[PDB]
$ cat query29.csv   # CSV, C-alpha atoms and all ligand atoms
chain,number,residue,atom,x,y,z
R,1,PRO,CA,186.0,134.0,151.6
R,2,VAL,CA,182.5,132.9,150.9
R,3,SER,CA,180.3,133.2,154.0
R,4,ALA,CA,177.0,131.5,154.6
R,5,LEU,CA,175.7,135.1,154.9
R,6,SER,CA,177.0,136.2,151.5
R,7,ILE,CA,175.3,133.1,150.0
R,8,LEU,CA,172.1,134.0,151.8
R,9,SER,CA,172.4,137.5,150.3
R,10,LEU,CA,172.7,136.0,146.8
R,11,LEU,CA,169.7,133.8,147.5
R,12,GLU,CA,167.5,136.7,148.6
R,13,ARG,CA,168.7,138.5,145.5
R,14,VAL,CA,167.8,135.6,143.2
R,15,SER,CA,164.5,135.1,144.9
R,16,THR,CA,163.5,138.8,144.3
R,17,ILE,CA,164.3,138.5,140.6
R,18,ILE,CA,162.2,135.2,140.3
R,19,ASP,CA,159.3,137.0,142.0
R,20,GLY,CA,159.4,139.6,139.3
R,21,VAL,CA,159.7,137.0,136.5
R,22,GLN,CA,156.8,135.1,138.0
R,23,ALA,CA,154.6,138.2,138.1
R,24,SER,CA,155.5,138.9,134.5
R,25,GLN,CA,154.5,135.4,133.5
R,26,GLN,CA,151.2,135.8,135.3
R,27,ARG,CA,150.5,139.0,133.3
R,28,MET,CA,151.4,137.2,130.0
R,29,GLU,CA,149.3,134.1,130.8
R,30,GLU,CA,146.3,136.4,131.3
R,31,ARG,CA,146.9,138.1,128.0
R,32,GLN,CA,147.3,134.7,126.2
R,33,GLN,CA,144.0,133.5,127.7
R,34,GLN,CA,142.2,136.7,126.6
R,35,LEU,CA,143.7,136.5,123.1
R,36,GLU,CA,142.7,132.8,122.7
R,37,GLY,CA,139.1,133.8,123.7
R,38,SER,CA,139.1,136.6,121.1
R,39,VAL,CA,140.4,134.3,118.4
R,40,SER,CA,137.8,131.7,119.2
R,41,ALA,CA,135.1,134.3,118.9
R,42,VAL,CA,136.4,135.7,115.6
R,43,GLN,CA,136.6,132.1,114.2
R,44,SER,CA,133.0,131.6,115.2
R,45,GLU,CA,131.8,134.8,113.6
R,46,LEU,CA,133.9,134.2,110.4
R,47,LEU,CA,132.2,130.8,110.0
R,48,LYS,CA,128.8,132.5,110.6
R,49,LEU,CA,129.4,135.1,107.9
R,50,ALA,CA,130.6,132.4,105.6
R,51,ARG,CA,127.3,130.6,106.0
R,52,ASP,CA,125.3,133.8,105.5
R,53,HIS,CA,127.2,134.7,102.4
R,54,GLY,CA,126.7,131.1,101.2
R,55,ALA,CA,123.0,131.6,101.4
R,56,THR,CA,123.1,134.9,99.4
R,57,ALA,CA,125.4,133.4,96.8
R,58,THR,CA,123.0,130.4,96.4
R,59,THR,CA,120.1,132.9,95.8
R,60,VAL,CA,122.2,134.8,93.3
R,61,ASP,CA,122.9,131.7,91.2
R,62,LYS,CA,119.1,131.1,91.2
R,63,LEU,CA,118.6,134.7,90.1
R,64,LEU,CA,121.0,134.1,87.3
R,65,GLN,CA,119.1,131.1,86.1
R,66,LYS,CA,115.8,133.0,86.4
R,67,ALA,CA,117.2,136.0,84.4
R,68,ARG,CA,118.3,133.7,81.5
R,69,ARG,CA,114.9,132.1,81.5
R,70,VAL,CA,112.9,135.3,81.6
R,71,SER,CA,115.0,136.7,78.7
R,72,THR,CA,114.1,133.5,76.7
R,73,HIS,CA,110.4,134.1,77.5
R,74,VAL,CA,110.5,137.7,76.4
R,75,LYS,CA,112.2,136.8,73.1
R,76,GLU,CA,109.4,134.2,72.5
R,77,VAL,CA,106.6,136.7,73.2
R,78,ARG,CA,108.3,139.2,70.9
R,79,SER,CA,108.4,136.5,68.2
R,80,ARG,CA,104.6,135.8,68.6
R,81,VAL,CA,103.8,139.5,68.4
R,82,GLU,CA,105.7,139.9,65.1
R,83,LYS,CA,103.9,136.8,63.7
R,84,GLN,CA,100.6,138.3,64.7
R,85,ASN,CA,101.6,141.5,62.9
R,86,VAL,CA,102.1,139.7,59.6
R,87,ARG,CA,98.6,138.2,60.1
R,88,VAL,CA,97.0,141.6,61.0
R,89,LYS,CA,98.6,143.2,58.0
R,90,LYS,CA,97.1,140.4,55.8
R,91,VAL,CA,93.7,141.2,57.1
R,92,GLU,CA,94.1,145.0,57.1
R,93,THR,CA,95.3,145.2,53.4
R,94,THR,CA,92.5,142.9,52.3
R,95,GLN,CA,90.0,145.2,54.0
R,96,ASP,CA,91.6,148.1,52.2
R,97,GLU,CA,90.9,146.3,48.9
R,98,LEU,CA,87.3,145.5,49.6
R,99,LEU,CA,86.5,149.0,51.0
R,100,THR,CA,87.9,150.8,48.0
R,101,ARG,CA,85.8,148.5,45.7
Z,1,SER,CA,172.9,127.2,159.1
Z,2,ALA,CA,174.2,125.0,156.3
Z,3,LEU,CA,170.9,123.2,156.4
Z,4,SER,CA,168.9,126.4,155.9
Z,5,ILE,CA,171.0,127.3,152.9
Z,6,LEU,CA,170.7,123.8,151.4
Z,7,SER,CA,166.9,123.9,152.0
Z,8,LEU,CA,166.6,127.4,150.4
Z,9,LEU,CA,168.8,126.4,147.4
Z,10,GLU,CA,166.5,123.4,146.9
Z,11,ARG,CA,163.4,125.5,146.9
Z,12,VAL,CA,165.0,128.0,144.5
Z,13,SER,CA,166.2,125.3,142.1
Z,14,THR,CA,162.8,123.7,142.2
Z,15,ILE,CA,161.0,127.0,141.6
Z,16,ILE,CA,163.2,128.1,138.6
Z,17,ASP,CA,162.9,124.7,136.9
Z,18,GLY,CA,159.1,125.1,137.1
Z,19,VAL,CA,159.3,128.7,135.8
Z,20,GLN,CA,161.5,127.5,132.9
Z,21,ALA,CA,159.0,124.7,132.1
Z,22,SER,CA,156.1,127.2,132.2
Z,23,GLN,CA,157.9,129.6,129.9
Z,24,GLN,CA,158.4,126.9,127.4
Z,25,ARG,CA,154.7,126.1,127.5
Z,26,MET,CA,153.9,129.7,127.0
Z,27,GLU,CA,156.2,129.9,124.0
Z,28,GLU,CA,154.4,127.0,122.6
Z,29,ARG,CA,151.0,128.4,123.3
Z,30,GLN,CA,151.9,131.7,121.6
Z,31,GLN,CA,153.2,130.0,118.4
Z,32,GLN,CA,150.0,128.0,118.3
Z,33,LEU,CA,148.2,131.3,118.6
Z,34,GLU,CA,150.2,132.9,115.8
Z,35,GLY,CA,149.2,129.9,113.6
Z,36,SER,CA,145.5,130.4,114.4
Z,37,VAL,CA,145.7,134.1,113.8
Z,38,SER,CA,147.4,133.5,110.4
Z,39,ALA,CA,144.6,131.1,109.6
Z,40,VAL,CA,141.8,133.5,110.4
Z,41,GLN,CA,143.5,136.3,108.4
Z,42,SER,CA,143.7,134.0,105.4
Z,43,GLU,CA,140.1,132.8,105.7
Z,44,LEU,CA,138.8,136.4,106.1
Z,45,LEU,CA,140.6,137.5,102.9
Z,46,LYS,CA,139.2,134.5,101.0
Z,47,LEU,CA,135.7,135.3,102.2
Z,48,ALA,CA,136.2,138.9,101.2
Z,49,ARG,CA,137.2,137.8,97.7
Z,50,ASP,CA,134.2,135.5,97.5
Z,51,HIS,CA,131.8,138.2,98.6
Z,52,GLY,CA,133.4,140.6,96.0
Z,53,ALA,CA,132.6,138.1,93.3
Z,54,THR,CA,129.0,137.8,94.5
Z,55,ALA,CA,128.7,141.6,94.6
Z,56,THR,CA,130.1,141.8,91.1
Z,57,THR,CA,127.4,139.4,89.9
Z,58,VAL,CA,124.7,141.2,91.8
Z,59,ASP,CA,125.5,144.5,89.9
Z,60,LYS,CA,125.2,142.7,86.6
Z,61,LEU,CA,121.8,141.3,87.7
Z,62,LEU,CA,120.8,144.9,88.5
Z,63,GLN,CA,121.9,145.9,84.9
Z,64,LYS,CA,120.1,142.9,83.4
Z,65,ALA,CA,116.9,143.7,85.4
Z,66,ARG,CA,116.8,147.2,84.0
Z,67,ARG,CA,117.2,146.0,80.4
Z,68,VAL,CA,114.5,143.3,80.8
Z,69,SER,CA,112.0,145.7,82.4
Z,70,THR,CA,112.6,148.1,79.4
Z,71,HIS,CA,112.0,145.2,77.0
Z,72,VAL,CA,108.8,144.2,78.7
Z,73,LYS,CA,107.3,147.7,78.6
Z,74,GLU,CA,108.3,147.8,74.9
Z,75,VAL,CA,106.6,144.5,74.1
Z,76,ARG,CA,103.6,145.7,76.1
Z,77,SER,CA,103.4,148.8,74.0
Z,78,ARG,CA,103.5,146.8,70.8
Z,79,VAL,CA,100.8,144.6,72.0
Z,80,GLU,CA,98.6,147.6,72.8
Z,81,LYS,CA,99.3,149.1,69.4
Z,82,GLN,CA,98.2,145.8,67.8
Z,83,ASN,CA,95.1,145.7,69.9
Z,84,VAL,CA,94.0,149.1,68.4
Z,85,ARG,CA,94.7,147.8,64.9
Z,86,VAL,CA,92.7,144.6,65.5
Z,87,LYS,CA,89.8,146.6,66.9
Z,88,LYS,CA,89.7,148.7,63.7
Z,89,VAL,CA,89.6,145.6,61.6
Z,90,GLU,CA,86.9,144.0,63.8
Z,91,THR,CA,84.8,147.2,63.6
Z,92,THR,CA,85.2,147.4,59.8
Z,93,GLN,CA,84.3,143.7,59.3
Z,94,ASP,CA,81.2,144.1,61.5
Z,95,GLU,CA,80.3,147.0,59.2
Z,96,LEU,CA,81.3,145.4,55.8
Z,97,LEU,CA,78.5,143.1,57.0
E,1,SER,CA,181.0,123.1,149.4
E,2,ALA,CA,180.3,126.8,149.1
E,3,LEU,CA,181.6,126.7,145.5
E,4,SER,CA,179.2,123.9,144.6
E,5,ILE,CA,176.4,126.1,146.0
E,6,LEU,CA,177.5,129.1,144.0
E,7,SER,CA,177.8,126.9,140.9
E,8,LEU,CA,174.2,125.9,141.3
E,9,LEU,CA,173.3,129.6,141.7
E,10,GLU,CA,175.2,130.5,138.6
E,11,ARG,CA,173.2,127.9,136.7
E,12,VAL,CA,170.0,129.3,138.1
E,13,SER,CA,171.1,132.8,137.0
E,14,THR,CA,171.7,131.5,133.4
E,15,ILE,CA,168.2,130.0,133.4
E,16,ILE,CA,166.8,133.3,134.6
E,17,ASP,CA,168.6,135.1,131.7
E,18,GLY,CA,167.1,132.7,129.2
E,19,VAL,CA,163.6,133.1,130.6
E,20,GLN,CA,163.9,136.9,130.7
E,21,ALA,CA,165.1,137.0,127.1
E,22,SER,CA,162.1,134.8,126.1
E,23,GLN,CA,159.7,137.0,128.1
E,24,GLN,CA,160.9,140.1,126.2
E,25,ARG,CA,160.4,138.4,122.8
E,26,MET,CA,157.1,137.1,124.0
E,27,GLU,CA,155.9,140.6,125.0
E,28,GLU,CA,156.9,142.0,121.6
E,29,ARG,CA,155.1,139.1,119.7
E,30,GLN,CA,152.0,139.3,122.0
E,31,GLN,CA,151.5,143.0,121.2
E,32,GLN,CA,151.8,142.2,117.5
E,33,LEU,CA,149.3,139.4,117.7
E,34,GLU,CA,146.9,141.5,119.7
E,35,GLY,CA,147.1,144.2,117.0
E,36,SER,CA,146.6,141.5,114.3
E,37,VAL,CA,143.5,140.1,116.1
E,38,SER,CA,142.1,143.7,116.5
E,39,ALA,CA,142.5,144.2,112.7
E,40,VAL,CA,140.8,140.9,111.9
E,41,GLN,CA,137.9,141.9,114.2
E,42,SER,CA,137.5,145.3,112.4
E,43,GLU,CA,137.8,143.9,108.9
E,44,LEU,CA,135.4,141.0,109.7
E,45,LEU,CA,132.8,143.5,110.9
E,46,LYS,CA,133.3,145.6,107.8
E,47,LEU,CA,132.8,142.6,105.6
E,48,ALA,CA,129.6,141.7,107.5
E,49,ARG,CA,128.2,145.2,106.9
E,50,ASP,CA,129.1,145.0,103.2
E,51,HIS,CA,127.4,141.6,102.9
E,52,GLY,CA,124.3,143.0,104.7
E,53,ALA,CA,124.0,145.6,101.8
E,54,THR,CA,124.5,142.9,99.2
E,55,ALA,CA,121.8,140.7,100.8
E,56,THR,CA,119.4,143.6,100.8
E,57,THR,CA,119.9,144.2,97.1
E,58,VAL,CA,119.4,140.5,96.4
E,59,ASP,CA,116.1,140.6,98.3
E,60,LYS,CA,115.1,143.5,96.0
E,61,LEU,CA,116.2,141.5,92.9
E,62,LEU,CA,113.9,138.7,94.1
E,63,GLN,CA,110.9,141.0,94.1
E,64,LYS,CA,111.8,142.5,90.8
E,65,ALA,CA,112.0,139.0,89.4
E,66,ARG,CA,108.6,138.2,90.8
E,67,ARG,CA,107.1,141.4,89.4
E,68,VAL,CA,108.5,141.0,85.9
E,69,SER,CA,107.4,137.3,85.8
E,70,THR,CA,103.8,138.5,86.5
E,71,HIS,CA,104.0,141.1,83.7
E,72,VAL,CA,105.3,138.6,81.2
E,73,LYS,CA,102.3,136.3,82.1
E,74,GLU,CA,99.9,139.2,81.6
E,75,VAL,CA,101.4,140.2,78.3
E,76,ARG,CA,101.3,136.6,77.0
E,77,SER,CA,97.7,136.4,78.1
E,78,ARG,CA,96.8,139.4,75.9
E,79,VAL,CA,98.8,137.9,73.0
E,80,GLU,CA,96.8,134.8,73.3
E,81,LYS,CA,93.5,136.6,73.3
E,82,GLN,CA,94.6,138.7,70.3
E,83,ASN,CA,95.4,135.5,68.5
E,84,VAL,CA,91.8,134.4,68.9
E,85,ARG,CA,90.5,137.8,67.8
E,86,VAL,CA,92.7,137.8,64.7
E,87,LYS,CA,91.7,134.2,63.8
E,88,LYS,CA,88.1,135.3,64.1
E,89,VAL,CA,88.5,138.1,61.6
E,90,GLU,CA,90.7,136.0,59.3
E,91,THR,CA,88.3,133.1,59.1
E,92,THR,CA,85.4,135.4,58.3
E,93,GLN,CA,87.3,137.3,55.6
E,94,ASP,CA,88.2,133.9,54.0
E,95,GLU,CA,84.5,133.0,54.2
E,96,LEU,CA,83.5,136.2,52.5
E,97,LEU,CA,86.1,135.6,49.7
E,98,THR,CA,84.5,132.2,49.0
E,99,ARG,CA,82.2,131.3,46.1
R,201,CL,CL,86.9,141.8,56.3
$ encode --input "query29.csv" --output "structure tokens"
Amino acid sequence: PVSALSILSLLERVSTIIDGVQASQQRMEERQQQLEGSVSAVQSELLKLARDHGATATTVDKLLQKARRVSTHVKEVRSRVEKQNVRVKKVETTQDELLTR
Amino acid sequence: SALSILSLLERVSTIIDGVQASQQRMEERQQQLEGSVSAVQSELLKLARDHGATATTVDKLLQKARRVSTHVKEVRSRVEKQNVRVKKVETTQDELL
Amino acid sequence: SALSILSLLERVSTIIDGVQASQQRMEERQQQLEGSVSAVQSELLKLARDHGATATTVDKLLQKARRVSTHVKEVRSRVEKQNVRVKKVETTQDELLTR
């Protein structure tokens, strides 16, 4: 009913399928390796861009501090100019008085 | 030829058990890969948001720079106008005696 | 023992079915992951170019900051000289109004 030869036939049949499965596994292993390599590189570049952006952001915060400080200085100078104006007018108007006399 | 059948069966059983074990390892490797990809996607979006915040702040700094530069030119102008008024007063006093 | 041999081969066949099902799912997921990584690479590069532009603008803001700082110091210098010139005229006018 079941000859050694029929069994042999099944074995060669199973062996042929396994050959195909193994070749497919080889193709997939290669794709997984390449993908791991791509991910590793993206990780590295992402960390690098994070560091670069970190430096920019740190400069930006300094620029914020600086802008606040310069504004404060401009306000102070403006204040000094207005005070001088009061003083100049005092001298101007007094000269008007003397000159007319 | 019973021996040759048993030998071949043994090799096949051996080979498929290895193939199965390998497939399991590959399943595992791919799920680890999915996790790593999900992680980089997440970190990229976070960095994108962080940069967007920085770029937003930078535009404000541009705006603030324009305003300050205008204020400085204006204060300069006032100072020059006062210079002229002071010179007139100096000249007049030198002349008043 | 032919049936015991065929039983072992039936089990081998079931294992092959399971591996092949897994291989199909693995191929579907692998293509998806490869697409996802490609998208990450592209978006990362875009973010890098965008940051490059931001970094350039910041370097310009730094020079603007230096420039304006220099102008404020020059203006303040003139305000201080004018203060001395005004004091000069003030003190003399007060002198003249004495006696
Ligand atoms: Cl006078």
$ closest_residue --input "query29.csv" --among "E:99, E:52, E:72, E:4" --to "chain Z" --atoms "all atoms listed in the file"
E:72
$ residues_around --input "query29.csv" --residues "residue E:33" --least-positions-apart "2" --cutoff "10 Å" --atoms "all atoms listed in the file" --output "CSV table (one decimal) with C-alpha atoms, in the frame of the given file"
chain,number,residue,atom,x,y,z
R,32,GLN,CA,147.3,134.7,126.2
R,35,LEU,CA,143.7,136.5,123.1
Z,30,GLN,CA,151.9,131.7,121.6
Z,33,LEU,CA,148.2,131.3,118.6
Z,34,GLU,CA,150.2,132.9,115.8
Z,37,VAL,CA,145.7,134.1,113.8
Z,38,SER,CA,147.4,133.5,110.4
E,27,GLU,CA,155.9,140.6,125.0
E,28,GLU,CA,156.9,142.0,121.6
E,29,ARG,CA,155.1,139.1,119.7
E,30,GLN,CA,152.0,139.3,122.0
E,31,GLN,CA,151.5,143.0,121.2
E,35,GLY,CA,147.1,144.2,117.0
E,36,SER,CA,146.6,141.5,114.3
E,37,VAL,CA,143.5,140.1,116.1
E,38,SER,CA,142.1,143.7,116.5
E,39,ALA,CA,142.5,144.2,112.7
$ atom_distance --input "query29.csv" --atom1 "atom CA of residue Z:19" --atom2 "atom CA of residue R:21"
8.3 Å
$ residues_near_point --input "query29.csv" --point "(134.4, 141.4, 112.3)" --cutoff "12 Å" --atoms "all atoms listed in the file" --output "MDAnalysis selection string"
(chainID R and resid 38:39 41:50) or (chainID Z and resid 40:41 44:45 47:48) or (chainID E and resid 37:51)
$ write_last_selection --input "query29.csv" --atoms "C-alpha atoms" --output "compact mmCIF listing (two decimals), keeping the file's coordinate frame"
# COMPACT_ATOMS: atom_id res chain seq x y z
CA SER R 38 139.10 136.60 121.10
CA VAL R 39 140.40 134.30 118.40
CA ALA R 41 135.10 134.30 118.90
CA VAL R 42 136.40 135.70 115.60
CA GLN R 43 136.60 132.10 114.20
CA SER R 44 133.00 131.60 115.20
CA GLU R 45 131.80 134.80 113.60
CA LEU R 46 133.90 134.20 110.40
CA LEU R 47 132.20 130.80 110.00
CA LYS R 48 128.80 132.50 110.60
CA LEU R 49 129.40 135.10 107.90
CA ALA R 50 130.60 132.40 105.60
CA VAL Z 40 141.80 133.50 110.40
CA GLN Z 41 143.50 136.30 108.40
CA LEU Z 44 138.80 136.40 106.10
CA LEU Z 45 140.60 137.50 102.90
CA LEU Z 47 135.70 135.30 102.20
CA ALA Z 48 136.20 138.90 101.20
CA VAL E 37 143.50 140.10 116.10
CA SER E 38 142.10 143.70 116.50
CA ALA E 39 142.50 144.20 112.70
CA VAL E 40 140.80 140.90 111.90
CA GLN E 41 137.90 141.90 114.20
CA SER E 42 137.50 145.30 112.40
CA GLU E 43 137.80 143.90 108.90
CA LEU E 44 135.40 141.00 109.70
CA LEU E 45 132.80 143.50 110.90
CA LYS E 46 133.30 145.60 107.80
CA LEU E 47 132.80 142.60 105.60
CA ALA E 48 129.60 141.70 107.50
CA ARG E 49 128.20 145.20 106.90
CA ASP E 50 129.10 145.00 103.20
CA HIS E 51 127.40 141.60 102.90
$ interface_residues --input "query29.csv" --of "chain R" --to "chain Z" --cutoff "7 Å" --atoms "all atoms listed in the file" --output "MDAnalysis selection string"
chainID R and resid 8 43 46 50 53 57 71 78 81 88 92
$ atom_distance --input "query29.csv" --atom1 "atom CA of residue E:71" --atom2 "atom CA of residue E:90"
28.3 Å
$ interface_residues --input "query29.csv" --of "chain E" --to "chain Z" --cutoff "8 Å" --atoms "all atoms listed in the file" --output "PyMOL selection string"
chain E and resi 5+9+12+15-16+19+22-23+26+30+33+36-37+40+44+47+51+54+57-58+61+64-65+68+71-72+75+78-79+82+85-86+89+93
$ closest_atom_pairs --input "query29.csv" --of "chain R" --to "ligand CL 201 (chain R)" --cutoff "12 Å" --atoms "all atoms listed in the file" --output "CSV"
residue,atom,partner,partner_atom,distance
R:88,CA,R:CL201,CL,11.1
R:89,CA,R:CL201,CL,11.9
R:90,CA,R:CL201,CL,10.3
R:91,CA,R:CL201,CL,6.9
R:92,CA,R:CL201,CL,7.9
R:93,CA,R:CL201,CL,9.5
R:94,CA,R:CL201,CL,7.0
R:95,CA,R:CL201,CL,5.1
R:96,CA,R:CL201,CL,8.9
R:97,CA,R:CL201,CL,9.5
R:98,CA,R:CL201,CL,7.7
R:99,CA,R:CL201,CL,8.9
$ atom_distance --input "query29.csv" --atom1 "atom CA of residue R:63" --atom2 "atom CA of residue R:82"
28.6 Å
$ closest_residue --input "query29.csv" --among "E:6, E:17, E:24, E:1" --to "residue R:7" --atoms "all atoms listed in the file"
E:6
$ closest_residue --input "query29.csv" --among "R:23, R:2, R:29, R:85" --to "chain E" --atoms "all atoms listed in the file"
R:2
$ closest_residue --input "query29.csv" --among "R:15, R:84, R:22, R:64" --to "chain E" --atoms "all atoms listed in the file"
R:84
$ closest_residue --input "query29.csv" --among "E:92, E:83, E:32, E:77" --to "chain R" --atoms "all atoms listed in the file"
E:83
$ build_atoms --input "query29.csv" --residues "stretch 57-84 of chain Z" --atoms "N, CA and C atoms" --output "PDB file, in the frame of the given file"
ATOM      1  N   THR Z  57     128.542 140.021  90.588  1.00  0.00           N
ATOM      2  CA  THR Z  57     127.400 139.400  89.900  1.00  0.00           C
ATOM      3  C   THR Z  57     126.118 140.055  90.151  1.00  0.00           C
ATOM      4  N   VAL Z  58     125.922 140.498  91.389  1.00  0.00           N
ATOM      5  CA  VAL Z  58     124.700 141.200  91.800  1.00  0.00           C
ATOM      6  C   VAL Z  58     124.538 142.509  90.946  1.00  0.00           C
ATOM      7  N   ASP Z  59     125.612 143.269  90.757  1.00  0.00           N
ATOM      8  CA  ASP Z  59     125.500 144.500  89.900  1.00  0.00           C
ATOM      9  C   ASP Z  59     125.082 144.163  88.500  1.00  0.00           C
ATOM     10  N   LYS Z  60     125.610 143.079  87.935  1.00  0.00           N
ATOM     11  CA  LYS Z  60     125.200 142.700  86.600  1.00  0.00           C
ATOM     12  C   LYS Z  60     123.724 142.319  86.562  1.00  0.00           C
ATOM     13  N   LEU Z  61     123.243 141.686  87.630  1.00  0.00           N
ATOM     14  CA  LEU Z  61     121.800 141.300  87.700  1.00  0.00           C
ATOM     15  C   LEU Z  61     120.971 142.616  87.768  1.00  0.00           C
ATOM     16  N   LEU Z  62     121.454 143.639  88.468  1.00  0.00           N
ATOM     17  CA  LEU Z  62     120.800 144.900  88.500  1.00  0.00           C
ATOM     18  C   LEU Z  62     120.701 145.466  87.041  1.00  0.00           C
ATOM     19  N   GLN Z  63     121.829 145.432  86.335  1.00  0.00           N
ATOM     20  CA  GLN Z  63     121.900 145.900  84.900  1.00  0.00           C
ATOM     21  C   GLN Z  63     120.921 145.101  84.088  1.00  0.00           C
ATOM     22  N   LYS Z  64     120.923 143.781  84.264  1.00  0.00           N
ATOM     23  CA  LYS Z  64     120.100 142.900  83.400  1.00  0.00           C
ATOM     24  C   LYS Z  64     118.599 143.140  83.751  1.00  0.00           C
ATOM     25  N   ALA Z  65     118.292 143.402  85.014  1.00  0.00           N
ATOM     26  CA  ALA Z  65     116.900 143.700  85.400  1.00  0.00           C
ATOM     27  C   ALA Z  65     116.380 144.946  84.738  1.00  0.00           C
ATOM     28  N   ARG Z  66     117.196 145.998  84.679  1.00  0.00           N
ATOM     29  CA  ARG Z  66     116.800 147.200  84.000  1.00  0.00           C
ATOM     30  C   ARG Z  66     116.509 146.987  82.525  1.00  0.00           C
ATOM     31  N   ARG Z  67     117.385 146.234  81.868  1.00  0.00           N
ATOM     32  CA  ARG Z  67     117.200 146.000  80.400  1.00  0.00           C
ATOM     33  C   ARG Z  67     115.935 145.170  80.182  1.00  0.00           C
ATOM     34  N   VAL Z  68     115.679 144.169  81.019  1.00  0.00           N
ATOM     35  CA  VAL Z  68     114.500 143.300  80.800  1.00  0.00           C
ATOM     36  C   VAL Z  68     113.214 144.086  81.045  1.00  0.00           C
ATOM     37  N   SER Z  69     113.179 144.884  82.110  1.00  0.00           N
ATOM     38  CA  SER Z  69     112.000 145.700  82.400  1.00  0.00           C
ATOM     39  C   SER Z  69     111.701 146.673  81.252  1.00  0.00           C
ATOM     40  N   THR Z  70     112.740 147.208  80.611  1.00  0.00           N
ATOM     41  CA  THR Z  70     112.600 148.100  79.400  1.00  0.00           C
ATOM     42  C   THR Z  70     111.996 147.262  78.251  1.00  0.00           C
ATOM     43  N   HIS Z  71     112.500 146.045  78.066  1.00  0.00           N
ATOM     44  CA  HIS Z  71     112.000 145.200  77.000  1.00  0.00           C
ATOM     45  C   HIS Z  71     110.556 144.802  77.183  1.00  0.00           C
ATOM     46  N   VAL Z  72     110.162 144.567  78.431  1.00  0.00           N
ATOM     47  CA  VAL Z  72     108.800 144.200  78.700  1.00  0.00           C
ATOM     48  C   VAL Z  72     107.798 145.302  78.463  1.00  0.00           C
ATOM     49  N   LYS Z  73     108.134 146.499  78.937  1.00  0.00           N
ATOM     50  CA  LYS Z  73     107.300 147.700  78.600  1.00  0.00           C
ATOM     51  C   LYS Z  73     107.197 147.907  77.131  1.00  0.00           C
ATOM     52  N   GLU Z  74     108.285 147.692  76.395  1.00  0.00           N
ATOM     53  CA  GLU Z  74     108.300 147.800  74.900  1.00  0.00           C
ATOM     54  C   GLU Z  74     107.388 146.781  74.242  1.00  0.00           C
ATOM     55  N   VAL Z  75     107.452 145.534  74.703  1.00  0.00           N
ATOM     56  CA  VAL Z  75     106.600 144.500  74.100  1.00  0.00           C
ATOM     57  C   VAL Z  75     105.136 144.797  74.467  1.00  0.00           C
ATOM     58  N   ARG Z  76     104.899 145.251  75.693  1.00  0.00           N
ATOM     59  CA  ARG Z  76     103.600 145.700  76.100  1.00  0.00           C
ATOM     60  C   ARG Z  76     102.991 146.727  75.178  1.00  0.00           C
ATOM     61  N   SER Z  77     103.816 147.724  74.882  1.00  0.00           N
ATOM     62  CA  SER Z  77     103.400 148.800  74.000  1.00  0.00           C
ATOM     63  C   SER Z  77     103.020 148.311  72.614  1.00  0.00           C
ATOM     64  N   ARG Z  78     103.829 147.413  72.061  1.00  0.00           N
ATOM     65  CA  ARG Z  78     103.500 146.800  70.800  1.00  0.00           C
ATOM     66  C   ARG Z  78     102.222 146.070  70.774  1.00  0.00           C
ATOM     67  N   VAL Z  79     101.988 145.352  71.868  1.00  0.00           N
ATOM     68  CA  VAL Z  79     100.800 144.600  72.000  1.00  0.00           C
ATOM     69  C   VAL Z  79      99.547 145.500  72.034  1.00  0.00           C
ATOM     70  N   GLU Z  80      99.649 146.607  72.770  1.00  0.00           N
ATOM     71  CA  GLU Z  80      98.600 147.600  72.800  1.00  0.00           C
ATOM     72  C   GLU Z  80      98.321 148.204  71.425  1.00  0.00           C
ATOM     73  N   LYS Z  81      99.401 148.508  70.709  1.00  0.00           N
ATOM     74  CA  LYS Z  81      99.300 149.100  69.400  1.00  0.00           C
ATOM     75  C   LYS Z  81      98.570 148.094  68.423  1.00  0.00           C
ATOM     76  N   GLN Z  82      98.841 146.804  68.593  1.00  0.00           N
ATOM     77  CA  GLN Z  82      98.200 145.800  67.800  1.00  0.00           C
ATOM     78  C   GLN Z  82      96.729 145.638  68.147  1.00  0.00           C
ATOM     79  N   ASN Z  83      96.446 145.766  69.436  1.00  0.00           N
ATOM     80  CA  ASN Z  83      95.100 145.700  69.900  1.00  0.00           C
ATOM     81  C   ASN Z  83      94.216 146.759  69.208  1.00  0.00           C
ATOM     82  N   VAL Z  84      94.739 147.976  69.079  1.00  0.00           N
ATOM     83  CA  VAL Z  84      94.000 149.100  68.400  1.00  0.00           C
ATOM     84  C   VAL Z  84      93.792 148.703  66.921  1.00  0.00           C
TER      85      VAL Z  84
END
